[PDB]
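In the working numbering, the protein residues as written are 74 to 214. Step one of this worksheet: look at the structure below.
Dropping the structure here:
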């Protein structure tokens with residue numbers, strides 16, 4: 074047998090406009106039992122996944138049936154932006170959920186943060202945070 078040492082390592086409804094969020098959560102026992110933060114993350118805006126999905130899917134405009142986007146976009150029916158913090162509660166974590174460029178049949182952003190201050194450990198205990206939101210559409214042409 075060969076072991077080594079055990080290491081010491083809200084459903085918002087935004088109506089097609091800008092918004093905000095705030096996250097200060099004490100699910101951060103991943104280095105020395107939730108002492109403090111490694112380094113900050115001052116209000117990271119999440120709208121870039123659905124920007125670079127909702128732009129080129131309707132800028133496909135090649136033959137759309139052969140699916141050069143060949144993998145299924147069932148995991149792109151949410152957003153799941155990420156904030157992997159560097160080497161108590163969550164110090165700074167805000168996100169401007171801007172629905173002003175968004176689809177009409179999506180639900181959430183399962184936002185996963187790699188909580189560890191673990192220098193190249195390949196170990197980082199990533200805890201995910203959901204939203205389970207709903208969109209009330211205001212206008213169509």
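The C-beta atom is built at its ideal place from N, Cα and C for all residues, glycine as well.
Sorting 102, 95 and 208 by C-alpha distance to the C-alpha of residue 118 places 95 at the top.
Relative to residue 197, the option among 102, 183 and 122 whose CA is nearest is 102. Going by beta carbons, residue 122 and residue 208 fall outside the 9 angstroms limit. Secondary structure at residue 147: helix, using DSSP grouped into helix, strand and coil. Listed in chain order, the alpha helix (DSSP H) runs fully inside the segment 102-161 are 124-127, counting runs of at least 4 residues. The Cβ-Cβ distance between residue 98 and residue 202 falls below 9 angstroms.
Between residue 164 and residue 74, the CB-CB gap reaches or exceeds 9 angstroms. Of the residues assessed, residue 189 falls on the buried side of the cut-off, its CB having 16 or more other CB atoms within 10 angstroms. Its chain contains 208 and 210 as the residues whose beta carbon lies nearer than 8 angstroms to that of residue 177, once the 5 sequence neighbours on both sides are disregarded; these appear in chain order. Nearest Cα to residue 107 within the set 127, 91, 82 and 115: 82.
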